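Before any comments, here is the structure.
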Amino acid sequence: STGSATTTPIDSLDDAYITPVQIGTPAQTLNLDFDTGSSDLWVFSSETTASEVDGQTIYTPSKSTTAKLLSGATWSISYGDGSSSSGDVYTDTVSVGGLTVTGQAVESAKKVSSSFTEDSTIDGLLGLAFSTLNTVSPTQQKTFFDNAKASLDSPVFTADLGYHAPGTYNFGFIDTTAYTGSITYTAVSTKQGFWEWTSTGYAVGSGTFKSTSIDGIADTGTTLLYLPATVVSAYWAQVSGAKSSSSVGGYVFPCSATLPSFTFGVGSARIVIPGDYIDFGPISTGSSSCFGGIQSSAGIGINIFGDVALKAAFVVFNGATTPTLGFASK
Ligand code: NA
């Protein structure tokens, strides 16, 4: 079997991407943030504290003839951005782009932090990292991909994020029309539960390529590209008036600037992020100071190839016995 779903940026900056997911019988469609950096499928629901819902579509398990309470199961998660959610668990029928999993753990939120309430466009998360990160207790649960894997034509899913435009998540097949040239595959460590891999270096604009290993995670749930402070300083040094602002919380640049591209290596291959992709616009409405798309990973304790880097590529998440990543230009 296969599935194929369109993913749509939630706003004009590509802050995140929502994909419609069918839950239950009859189907309840919710717009979920597919997150290769986490392993919980959780939703706004009929159980979510009323004051903490502000325009989201909710899952109502009592209206689903296939929902069953997973008795005694709870979950609680804390993301890199300080946001959080928690609640109890149902099993139900979950379909993404025509691919159906029966008995999927659907984690129903009783509580969500302010950043979730404040985003009316995201109905929940669908994690696509390794199931060893799933937070359900006392019985850890499998991701949608882990449940689907055995039924898929090939044990893979692909992320084809758009720049200010819709993209695609495909499950169980590589669309050979969606990229140019060849896919370059690179080794993955699952030691941290992430799609963790080692980039072979970087270049800034038309600059020479610096050969250097950069360990990091491929994370569709993180907006920006977080890299070591050396690399990030080398990038913003090429932008007149760019500086790191304590008060704003990272690199800002004059909104009059033309930003240079950023290239990252995948083995002997090169993925070029156009300069436009690194522009996250004014820091506040009306400001001439703009927020950078490339930021320091210092403090975070890991490098993160977030949407700024991934949307420049056709990315293959190979869930074979020995998992690998694939990157192609497109
Ligand atoms: Na922000």
Side-chain angles (χ1 to χ4, degrees), residues 2-10 12-19 33-37 96-97 99 128 145 152-188 195 197-206 209 214 216-227 235 259-280 293-294 303-320 323-330:
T2 60
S4 183
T6 297
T7 198
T8 302
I10 68 170
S12 62
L13 300 179
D14 299 346
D15 282 318
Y17 300 72
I18 50 169
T19 314
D33 185 354
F34 281 30
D35 180 10
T36 65
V96 179
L99 165 66
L128 296 168
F145 177 57
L152 297 176
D153 295 353
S154 182
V156 302
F157 70 84
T158 69
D160 180 8
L161 303 179
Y163 165 71
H164 293 175
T168 306
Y169 288 97
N170 293 327
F171 290 86
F173 74 110
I174 306 308
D175 177 2
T176 61
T177 75
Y179 59 90
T180 62
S182 50
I183 305 172
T184 303
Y185 286 92
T186 195
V188 162
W195 299 88
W197 64 288
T198 298
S199 174
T200 53
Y202 69 102
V204 177
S206 65
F209 187 86
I214 304 168
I217 66 158
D219 180 6
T220 55
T222 294
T223 312
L224 304 187
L225 170 55
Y226 294 89
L227 286 174
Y235 180 83
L259 298 176
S261 67
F262 187 86
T263 299
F264 63 89
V266 185
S268 50
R270 303 299 178 255
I271 298 298
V272 179
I273 303 172
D276 282 351
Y277 294 25
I278 305 168
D279 180 7
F280 278 78
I294 296 181
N303 301 308
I304 307 177
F305 292 86
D307 304 327
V308 160
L310 300 185
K311 71 198 176 169
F314 180 81
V315 186
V316 180
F317 292 81
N318 172 31
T324 63
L325 284 166
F327 295 79
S329 296
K330 63 175 180 196

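By convention here, the first residue in the shown sequence is residue 1. As a basis for the values below, the full set of heavy atoms in this structure was taken, side chains included, without hydrogen atoms, waters or symmetry mates.
- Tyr235 has its side chain within reach of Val204: a pair of non-hydrogen atoms, C-beta onward, lies under 4.5 Å apart.
- Looking only at side-chain heavy atoms (C-beta outward), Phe209 and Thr200 come within less than 4.5 Å of each other.
- Between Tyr169 and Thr220 there is a side-chain heavy-atom pair separated by less than 4.5 Å.
- Here the shortest heavy-atom pairing between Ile217 and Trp197 reads C-NE1, 4.1 Å.
- Closest approach of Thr19 and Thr7 over heavy atoms only: OG1-OG1, 2.8 Å.
- Among all heavy-atom pairs drawn from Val96 and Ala5, the shortest one is CG1-CB, 4.0 Å.
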Stepwise side chain to side chain contact (heavy atoms under 4.5 Å, CB included) check, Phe327 with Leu310
CA-CA 9 Å; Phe327 295 79; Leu310 300 185; 4.1 Å; yes
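- Listed here is the closest heavy atom pair of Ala16 and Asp33: CB-OD2, 4.0 Å.
- Considering CG of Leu161 and OH of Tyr163, their distance stands at 14.0 Å, rounded to 0.5 Å.
- Below 30°, between 30° and 60°, or above 60°: for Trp195 and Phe145 the angle between ring planes is between 30° and 60°, a tilted geometry.
- Formation of a donor-acceptor pair under 3.5 Å by the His164 side chain with backbone atoms of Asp14 is not found in this model.
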Assess whether side chain to side chain contact (heavy atoms under 4.5 Å, CB included) is satisfied between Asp153 and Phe173, documenting all intermediate values.
CA-CA 7 Å; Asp153 295 353; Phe173 74 110; 5.6 Å; no
Assess the residue pair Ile174 and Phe314 against the criterion (side chain to side chain contact (heavy atoms under 4.5 Å, CB included)); give the C-alpha distance rounded to whole Å, side-chain angles, the decisive distance to 0.1 Å, and a yes or no. CA-CA 10 Å; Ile174 306 308; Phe314 180 81; 4.0 Å; yes
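- You'll find the ring centres of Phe262 and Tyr202 inside the 6.0 Å limit.
- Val266 is not listed as a side-chain neighbour of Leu325, based on a closest heavy-atom distance of 4.5 Å or more.
- How far CD1 of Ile294 is from CD1 of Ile278: 4.0 Å, rounded to the nearest 0.5 Å.
- There is a side-chain donor-acceptor pair under 3.5 Å between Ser4 and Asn170.
- Closest non-hydrogen pair, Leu152 versus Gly172, comes out as CB-CA, 3.8 Å.
- Between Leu227 and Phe305 there is a side-chain heavy-atom pair separated by less than 4.5 Å.
- Counting only heavy atoms from C-beta outward, the side chains of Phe280 and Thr223 approach each other to under 4.5 Å.
- In this structure, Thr222 OG1 and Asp307 CG are separated by 7.5 Å, a value rounded to the nearest 0.5 Å.
- Counting heavy atoms from C-beta on, the side chains of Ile273 and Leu225 come closer than 4.5 Å.
- Put simply, the side chain of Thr180 gets close to the backbone of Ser329: a donor and an acceptor are under 3.5 Å apart.
- With a 4.5 Å cut-off on side-chain heavy atoms, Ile214 and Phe264 do not count as touching.
- Counting only distance, with no hydrogens or angles, the side chain of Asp219 and the backbone of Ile304 share no donor-acceptor pair below 3.5 Å.
- The shortest non-hydrogen separation linking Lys311 to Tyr17 is CD-OH, 3.4 Å.
- Rounded to the nearest 0.5 Å, atoms OG1 (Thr6) and CD1 (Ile18) are 11.5 Å apart.
- Going from atom CZ of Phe317 over to atom OG1 of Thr324 covers 11.0 Å, rounded to the nearest 0.5 Å.
- Side chains of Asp160 and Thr168: no donor on one and acceptor on the other come within 3.5 Å.
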**OP:** Kindly indicate, with the supporting measurements, whether the criterion side chain to side chain contact (heavy atoms under 4.5 Å, CB included) is fulfilled by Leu128 and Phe157.
**Re:** CA-CA 9 Å; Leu128 296 168; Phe157 70 84; 3.6 Å; yes
